[PDB]
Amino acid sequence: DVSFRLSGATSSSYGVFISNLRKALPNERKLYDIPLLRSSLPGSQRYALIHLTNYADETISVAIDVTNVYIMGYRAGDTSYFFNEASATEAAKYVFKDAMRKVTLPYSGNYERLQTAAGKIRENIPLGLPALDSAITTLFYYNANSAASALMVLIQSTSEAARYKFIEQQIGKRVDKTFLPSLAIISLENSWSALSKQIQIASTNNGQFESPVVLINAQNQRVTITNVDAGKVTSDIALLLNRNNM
């Protein structure tokens, strides 16, 4: 299992962790040096388990679908926690079976539900390694009115960081500091499927998208991305969702 420990963590060690998380995802092809994820897998191969330990030596085991890098759920101690969604229910037949206590979280794992359960938007929730420390703690003790927020930190610090080098870079940059993520980071997160699809299309369409993707830049302006060189976006995105898995 890919593992991260906060104790002694550096920018590099957070980099190694994300790099290993990406390598744990099966792919048969790369397009533009970007791993193309598998379109489907049997249940016995569909899931990976990531361990994260905070500075207080408290560990959570996080289950991801390796075809799409969505978090299905997590284990802390002898309790498993799964999102209230059909994919996570299916995951529960494979992972954390040895955890005797079983909680269904009161939301699905999508940002709309989590932001509503948390009472706040991602833009106002700190990221960075101190933030990840407190999210692990929040989840380890399942403080339920604070769990949605902690899960958004966790998802962004694992799934989203693996999908985008810029997100990885920004989270790992200053290990003793946090930041509030930009509209540019949020638009990357919201647009992963669309970009993925368009980059696969681009490979067969002379470098050009069939449908443009609108992102937000570092200056908060809407930008239209229509090819694989536009905004150097192919050197940011680091995994592709398979077009047969959308």
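Residue positions are given as counts along the sequence shown, with the first one as 1.
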Original post:
On average, are the C-alpha B-factors higher in 195 to 203 or in 40 to 48?
Top reply: 40 to 48
**OP:** Compare the mean C-alpha B-factor of 7 to 15 with that of 222 to 230 as given in the PDB entry, and name the stretch with the higher value.
**Re:** 222 to 230
**OP:** Going by the CA temperature factor in the entry, name the top one among 67, 217, 61, 54.
**Re:** 217
Original post:
Whose C-alpha has the highest temperature factor in the PDB entry: 144, 136, 129, 153?
Top reply: 144
Original post:
Which third of the chain does residue 161 land in by C-alpha B-factor: lowest, middle or highest?
Top reply: lowest
Original post:
What third of the chain, by the recorded C-alpha B-factor, contains residue 75?
Top reply: lowest
**OP:** Could you tell me which third, lowest, middle or highest, the C-alpha B-factor of residue 182 occupies within its chain?
**Re:** middle
**OP:** Compare the C-alpha B factor of residue 34 with those of the other modelled residues in its chain, then answer lowest, middle or highest third.
**Re:** middle
Original post:
Ranked by Cα temperature factor within the chain, is residue 149 in the lowest third, the middle third or the highest third?
Top reply: lowest
